[PDB]
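Protein chains in written order, with PDB author numbering: chain G, 32 to 57, 66 to 142, 151 to 185, 189 to 309, 312 to 322, 322A, 323 to 401, 412 to 505; chain F, 520 to 545, 570 to 664; chain A, 1 to 52, 52A to 52C, 53 to 82, 82A to 82C, 83 to 100, 100A to 100C, 101 to 112; chain I, 1 to 30, 30A to 30D, 31 to 107.
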Ligand SMILES: *[C@@H]1O[C@H](CO)[C@@H](O[C@@H]2O[C@H](CO)[C@@H](O[C@@H]3O[C@H](CO)[C@@H](O)[C@H](O)[C@@H]3O)[C@H](O)[C@H]2NC(C)=O)[C@H](O)[C@H]1NC(C)=O
Ligand SMILES: *[C@@H]1O[C@H](CO)[C@@H](O[C@@H]2O[C@H](CO)[C@@H](O[C@@H]3O[C@H](CO)[C@@H](O)[C@H](O)[C@@H]3O)[C@H](O)[C@H]2NC(C)=O)[C@H](O)[C@H]1NC(C)=O
Ligand SMILES: *[C@@H]1O[C@H](CO)[C@@H](O[C@@H]2O[C@H](CO)[C@@H](O)[C@H](O)[C@H]2NC(C)=O)[C@H](O)[C@H]1NC(C)=O
Ligand SMILES: *[C@@H]1O[C@H](CO)[C@@H](O[C@@H]2O[C@H](CO)[C@@H](O)[C@H](O)[C@H]2NC(C)=O)[C@H](O)[C@H]1NC(C)=O
Ligand SMILES: *[C@@H]1O[C@H](CO)[C@@H](O[C@@H]2O[C@H](CO)[C@@H](O)[C@H](O)[C@H]2NC(C)=O)[C@H](O)[C@H]1NC(C)=O
Ligand SMILES: *[C@@H]1O[C@H](CO)[C@@H](O[C@@H]2O[C@H](CO)[C@@H](O)[C@H](O)[C@H]2NC(C)=O)[C@H](O)[C@H]1NC(C)=O
Ligand SMILES: *[C@@H]1O[C@H](CO)[C@@H](O[C@@H]2O[C@H](CO)[C@@H](O)[C@H](O)[C@H]2NC(C)=O)[C@H](O)[C@H]1NC(C)=O
Ligand SMILES: *[C@@H]1O[C@H](CO)[C@@H](O[C@@H]2O[C@H](CO)[C@@H](O)[C@H](O)[C@H]2NC(C)=O)[C@H](O)[C@H]1NC(C)=O
Ligand SMILES: *[C@@H]1O[C@H](CO)[C@@H](O)[C@H](O)[C@H]1NC(C)=O
Ligand SMILES: *[C@@H]1O[C@H](CO)[C@@H](O)[C@H](O)[C@H]1NC(C)=O
Ligand SMILES: *[C@@H]1O[C@H](CO)[C@@H](O)[C@H](O)[C@H]1NC(C)=O
Ligand SMILES: *[C@@H]1O[C@H](CO)[C@@H](O)[C@H](O)[C@H]1NC(C)=O
Ligand SMILES: *[C@@H]1O[C@H](CO)[C@@H](O)[C@H](O)[C@H]1NC(C)=O
Ligand SMILES: *[C@@H]1O[C@H](CO)[C@@H](O)[C@H](O)[C@H]1NC(C)=O
Ligand SMILES: *[C@@H]1O[C@H](CO)[C@@H](O)[C@H](O)[C@H]1NC(C)=O
Ligand SMILES: *[C@@H]1O[C@H](CO)[C@@H](O)[C@H](O)[C@H]1NC(C)=O
Ligand SMILES: *[C@@H]1O[C@H](CO)[C@@H](O)[C@H](O)[C@H]1NC(C)=O
Ligand SMILES: *[C@@H]1O[C@H](CO)[C@@H](O)[C@H](O)[C@H]1NC(C)=O
Ligand SMILES: *[C@@H]1O[C@H](CO)[C@@H](O)[C@H](O)[C@H]1NC(C)=O
Ligand SMILES: *[C@@H]1O[C@H](CO)[C@@H](O)[C@H](O)[C@H]1NC(C)=O
Ligand SMILES: *[C@@H]1O[C@H](CO)[C@@H](O)[C@H](O)[C@H]1NC(C)=O
Ligand SMILES: *[C@@H]1O[C@H](CO)[C@@H](O)[C@H](O)[C@H]1NC(C)=O
């Protein structure tokens, strides 16, 4: 018959869209200052017969999280003390003590001329530094990067401890969540739910391994932006934790001086007791099981009859060639060798593992040119317990001309850490208006 | 039948939930303001469009524009029972600009003139 | 139970062309690696071709004796492997087999199909 | 290519005696401390069956009488006791590199 246009409003149709999401949380550097109280029990509606496509590599939510984190880090340093007066001749000598030693010269005993509350007077002080914190002028020393940037002291009252952050949609928008398992972050998701907000995600800063993240539901999941391109990082999510115990055994003390009328500076004082190298302990047997699971899953993509090898990074900056921690307010760099030293031919390698670590007080967390922060030293012995929840691997081969392939730890790009948690979420815009042919007529 | 629970349902079945869907349509400070202003401007645009059609008082309304069969080669029972709104919206996405234009030209522009003449007489 | 079945063999005039095929069964073709070999009493066993998986960009390798006259390809969606050949010579006469690498690390032809005769004249 | 030499071309062995077949690669087959030499057994009308892998490991389903040996560029297959069921062609293979190579197949017979 004669079909007619009809109009419906409230129609359950959505489109791909990008919009700002807002944070929620349950002193501290993190977002909780900008955030609002959370929904203690976010609602989830399961949708049957929905096959909505997800693509984590294009997900805008990653960029929003990144920008919030950069702004927060900087915001916490705005009221804090400037250390510009510290760029001085800084003469130093060897620390002599009861030591197990380290690289020679790792600790230095330095003395220098500082300003006082009155500009009319100067004072002489001494302090201990790590070799990484200083460079030779030509003995005479200079604080590292005095030739590149101003250094700001972190405020001692501000914790760096992570706070879980939830993101919530604005009105007219909804967040879809993939419920599938063994999902590689792309393609159609067979089961989809709708949520007002995301699960809480802790900010974590680390390299080569992922800490305090979510676990895979059943089996280890391997994904990458382009598996055929060796340049791309491969992310591996574990279905089990591996516990790691890290420590800073030295009994450091903290001393302070007033600089100028408006500020004060904290520095490392005499160290009490034997001086020992920082280190981390992991179970060998647990790690061995973990590698066996990763290798088995790699073969599913790279095929059978391959030899899988692991090796340490061949070179590049200390910031990316080593594992990084921020714990206790101290920054650790660890070699990781002995975790990644193996060859797997016969589904087997052809107590604890102790890794060496180093401490640096002057850092640049986001790798920005012209920026620097000085952490104040933390008094007493520091112990940290955390769990490894994933790995970042790279191919140093791309080999097609052999039966072998070798993997090395990746790093230097923070976006890959956040992608491991946000891959399940997609943002869509709701469009309530639509039309249909159903017959009807109106009087005029 | 929570928000968007109808999304996987047949177009006919979905009509039961239209009210529920409608209820959910409505430097940190700058982020809040930009999101809220856009949500309001968008909301009002949809309402203005219905107002032109004269359908603003209803979730469901009829119009005086005849269907062009070339837009979709399907039966009425085929569309209402064998399709979701998500599938349907994609299928006729090329013609939505045309339909909106027809609704104004064929109904709004014509009826207001005829009713004015009756009021004038 | 892993099985391979060859087909497409037979007598072909020299300078001509033909395609051999192998049907995978009992395993996922997409996650393994495939190889072709040939045999004649005149020469014994000879390896002729290998094909890699997607991360390897489906790269292939050929023996110098067959390179440029033979080509290997696969269809992961149909569980099949194909060996294309042209510019055939009498020297190519022999029994061709579809094979599997078997044991990991220790690459070896652990599984063989029945094979098929190819004759060139 | 890496050339394999295999010998004897043929041998006749009485039942209950040990048989040996040698194989000598032009280049070492070893990698990562492990040999990549493989051996096959074949009977007429049938595809070859993997006999030995990694120069020492019997293939699955292979009888104890078949033993691999050697390292570097010197390998051999040792069969004992000889039985009529063992009459077959035998081949050595180098799997270490592409192209993989075969050659010099040997005929083993009952005396
Ligand atoms: C995660 O896994 C899915 C599969 O579960 C991957 O989807 C796959 O994507 C590839 C590349 O597009 C598809 O290959 C096909 O190639 C043919 C031509 O040879 C082309 O015509 C097809 O359109 C397609 O491109 C493959 O079929 C597809 N697998 C499916 C759909 O089951 C996905 O790429 C994986 N994600 C990542 C990041 O690896
Ligand atoms: C990942 O999460 C784990 C906990 O599930 C972290 O381990 C724990 O971290 C907290 C906070 O740093 C440690 O507690 C702190 O203790 C010091 C000293 O008493 C105190 O001054 C601080 O205010 C705070 O209470 C805690 O000791 C530590 N583990 C245990 C067993 O206590 C881990 O550090 C997290 N990883 C990262 C990278 O943040
Ligand atoms: C701490 O003492 C070490 C030696 O124990 C100093 O290292 C030496 O530096 C000189 C002068 O260049 C070299 O000739 C030596 O080979 C070094 N000895 C080594 C490496 O054992 C070091 O300079 C002192 N303090 C520092 C380096 O900061
Ligand atoms: C670092 O050097 C300073 C001197 O510049 C040391 O302080 C003096 O140490 C000597 C013994 O070596 C004492 O006799 C002096 O009385 C100290 N002066 C003071 C305390 O004002 C300081 O001990 C050195 N630090 C370390 C760890 O050896
Ligand atoms: C801090 O200032 C004092 C002077 O108040 C410096 O002491 C001088 O050291 C030089 C070394 O060649 C001597 O020639 C001078 O005679 C010393 N004092 C004076 C007044 O001449 C001391 O070296 C300064 N410290 C640093 C690290 O620069
Ligand atoms: C990191 O440590 C935490 C605390 O031990 C782990 O949380 C526990 O996870 C197990 C399962 O692996 C649960 O059975 C426990 O109930 C959890 N404890 C809680 C929630 O307090 C966490 O799993 C570890 N690593 C992860 C979760 O990836
Ligand atoms: C690689 O090959 C192995 C071996 O065939 C596959 O698993 C084992 O093979 C043996 C006999 O050699 C069997 O008894 C097993 O059942 C096979 N697997 C298991 C889990 O038992 C393995 O699946 C292959 N890998 C890939 C990625 O295809
Ligand atoms: C991580 O550990 C490895 C292994 O100890 C370090 O590599 C060694 O570097 C030294 C000093 O030059 C050499 O003598 C060795 O031959 C290296 N061992 C190798 C290559 O196996 C590596 O330098 C360490 N990384 C860091 C950042 O300290
Ligand atoms: C600062 O000193 C470092 C020492 O490594 C040097 O590498 C760098 O080039 C210097 N920067 C400038 C701007 O001269
Ligand atoms: C992966 O990289 C290859 C080689 O550049 C390219 O051909 C292919 O399209 C890429 N795959 C993607 C982008 O999914
Ligand atoms: C060991 O080191 C501590 C801290 O510097 C010191 O007090 C103690 O006297 C040293 N013991 C010696 C030198 O025997
Ligand atoms: C790490 O291992 C070393 C060597 O066994 C041990 O001395 C040290 O106490 C361990 N650290 C922790 C925190 O258990
Ligand atoms: C880490 O410390 C815990 C106790 O807090 C202990 O049970 C665990 O065995 C330690 N791990 C290692 C590798 O020593
Ligand atoms: C890494 O592996 C090699 C080869 O087995 C070994 O020689 C070396 O000592 C290992 N490095 C360690 C265990 O730190
Ligand atoms: C790994 O190899 C050993 C030795 O051949 C074997 O016993 C074991 O079953 C293999 N594991 C396979 C899937 O796990
Ligand atoms: C490591 O795992 C392999 C493969 O399962 C196993 O053969 C080996 O015994 C393990 N090594 C240990 C537990 O030290
Ligand atoms: C070591 O640090 C602790 C606090 O963690 C402090 O009480 C102690 O006095 C320091 N050294 C000592 C006590 O010898
Ligand atoms: C394999 O060999 C070819 C040349 O035959 C070369 O172009 C290609 O880069 C090689 N691949 C690798 C991974 O080295
Ligand atoms: C999904 O399909 C089934 C029939 O297969 C139907 O009963 C169910 O209502 C559908 N779900 C939705 C949300 O439309
Ligand atoms: C349907 O659309 C076509 C293409 O625009 C047009 O030519 C035709 O006149 C339309 N039919 C109307 C009332 O029937
Ligand atoms: C639509 O109506 C036609 C009338 O011929 C019929 O053939 C066709 O099957 C119908 N479609 C459906 C989905 O019922
Ligand atoms: C609808 O428009 C899209 C984009 O131009 C086009 O690809 C698609 O074929 C169109 N559908 C039709 C004409 O039915």
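From the three backbone atoms N, C-alpha and C, an ideal C-beta is built for every residue, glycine too.
CA nearest to the CA of residue 100B (chain A), picked from A:23, A:50, A:40, A:41: The shortest C-alpha separation from residue 100B (chain A) is found at A:50.
Rounded straight-line distance, which links the Cα of residue 424 (chain G) to that of residue 633 (chain F): A straight line joining the alpha-carbon of residue 633 (chain F) with that of residue 424 (chain G) spans about 52 angstroms.
Within-8 angstroms CB hit, residue 56 (chain A) to chain G: For residue 56 (chain A), a Cβ of chain G is located within less than 8 angstroms of the residue's own Cβ.
Terminal residues of the alpha helix (DSSP H) in which residue 481 (chain G) lies: Per DSSP, residue 481 (chain G) belongs to the alpha helix (DSSP H) from 476 to 483.
Cβ-heavy atom distance, residue 612 (chain F) to ligand 22, below 7 angstroms: Not under cutoff, so the answer is no.
Distance between residue 155 (chain G) and residue 190 (chain G) (C-alpha atoms, nearest Å): C-alpha separation (whole angstroms): 12 angstroms.
Beta carbon proximity, residue 29 (chain I) to chain A, threshold 8 angstroms: Cβ-Cβ to chain A under 8 angstroms: no for residue 29 (chain I).
Residue 351 (chain G) at chain A interface by Cβ criterion, 8 angstroms: Residue 351 (chain G) counts as touching chain A.
Residues in the stretch 66 to 89 of chain I having any Cβ partner in chain A nearer than 9 angstroms: Residues 85, 87, 89.
Residue range of the unbroken alpha helix (DSSP H) whose run includes residue 64 (chain A): Counting along the chain, residue 64 (chain A) falls outside any alpha helix (DSSP H), and DSSP gives it neither H nor E.
Any non-hydrogen atom of ligand 21 closer than 7 angstroms to residue 636 (chain F) Cβ: The answer is no for residue 636 (chain F).
Residue 207 (chain G), DSSP secondary structure in three states: Coil at residue 207 (chain G), not helix or strand.
Given residue 181 (chain G) as reference, the closest of G:129, G:303, G:304 once Cα atoms are compared: That would be G:129, whose Cα lies nearest to the Cα of residue 181 (chain G).
Rounded separation between residue 56 (chain I) and residue 77 (chain A) - CA only: Per the coordinates, the alpha-carbon of residue 56 (chain I) lies some 26 angstroms from the alpha-carbon of residue 77 (chain A).
Coarse secondary structure for residue 626 (chain F), derived from DSSP in three states: Here residue 626 (chain F) sits in coil by DSSP.
Candidates F:532, F:586, F:638, of which the one nearest residue 545 (chain F) by Cα: Selected option, being the one with the closest Cα: F:586.
Contact with chain F by residue 81 (chain G), beta-carbon distance below 8 angstroms: Cβ-Cβ to chain F under 8 angstroms: no for residue 81 (chain G).
Burial state of residue 92 (chain I) (16 or more Cβ within 10 Å): Sixteen is the threshold: when 16 or more other Cβ atoms of the shown chains lie within 10 Å of the Cβ of residue 92 (chain I), as they do, the residue is buried.
Proximity test, residue 527 (chain F) beta-carbon vs ligand 19 heavy atom, cut-off 7 angstroms: Yes - ligand 19 has a heavy atom lying nearer than 7 angstroms to the Cβ of residue 527 (chain F).
Distance cut-off 7 angstroms: residue 459 (chain G) Cβ against heavy atoms of ligand 18: Correct: residue 459 (chain G) has its Cβ closer than 7 angstroms to ligand 18.
Buried/exposed call for residue 501 (chain G), threshold 16 Cβ in 10 Å: By the neighbour-count criterion, in which a residue is buried when 16 or more other Cβ atoms sit within 10 angstroms of its Cβ, residue 501 (chain G) is exposed.
Beta-bridge partners of residue 56 (chain I), as assigned by DSSP: Looking at the DSSP assignment, residue 56 (chain I) forms no beta bridge with any residue, so it has no partner.
Beta-carbon gap between residue 48 (chain G) and residue 223 (chain G) smaller than 8 angstroms: Yes. Within cutoff.
Residue 570 (chain F), buried or exposed, once every other Cβ within 10 Å from all chains shown has been counted against 16: Classification of residue 570 (chain F): exposed, given that the 10 Å Cβ count is below 16.
Counted within 10 angstroms of its Cβ, other Cβ atoms place residue 485 (chain G) as buried (16 or more) or exposed: By the Cβ-count criterion, residue 485 (chain G) is buried, with 16 or more other Cβ atoms from all chains shown falling within 10 Å of its own Cβ.
Expected contact under 8 angstroms - CB spacing of residue 628 (chain F) and residue 533 (chain F) to nearest Å: Contact flag correct, Cβ pair sits at about 6 angstroms.
Per-residue burial, residue 284 (chain G) [other beta carbons within 10 Å of its own, 16 or more giving buried]: Burial call: buried.
Cβ pair residue 495 (chain G), residue 537 (chain F) closer than 8 angstroms: Inclusion of residue 495 (chain G) and residue 537 (chain F) in the CB contact set at 8 angstroms is not warranted, their separation being larger than that value.
Straight-line gap, residue 598 (chain F) to residue 642 (chain F) (C-alpha atoms, nearest Å): Their Cα atoms are separated by approximately 15 angstroms.
Beta carbon proximity, residue 82C (chain A) to chain I, threshold 8 angstroms: No, residue 82C (chain A) does not count as interfacial toward chain I.
Interface residues of chain I facing residue 68 (chain G) [CB-CB closer than 9 angstroms]: Near residue 68 (chain G) there are no residues of chain I at all, since even the closest Cβ is about 48 angstroms away, more than 9 angstroms.
Below-8 angstroms beta-carbon distance, residue 461 (chain G) vs any chain A residue: With 8 angstroms as the cut-off, residue 461 (chain G) counts as an interface residue toward chain A.
Near ligand 12: residue 413 (chain G) beta-carbon under 7 angstroms from a heavy atom: Ligand 12 has a heavy atom closer than 7 angstroms to the beta-carbon of residue 413 (chain G).
Delimiting residues of the alpha helix (DSSP H) encompassing residue 374 (chain G): Residue range 374 to 378 is occupied by the beta strand (DSSP E) that includes residue 374 (chain G), with no alpha helix (DSSP H) assigned at that position.
Contact shell at 7 angstroms, judged by CB to any heavy atom of ligand 4, ordered along the chain: Around ligand 4, the residues whose beta-carbon falls short of 7 angstroms from at least one of its heavy atoms are G:134, G:135, G:136, G:156, G:158, G:173, G:175, G:322, G:322A, given in chain order.
Check: residue 178 (chain G) C-beta below 7 angstroms from any heavy atom of ligand 3: True, at least one ligand heavy atom lies under 7 angstroms from that Cβ.
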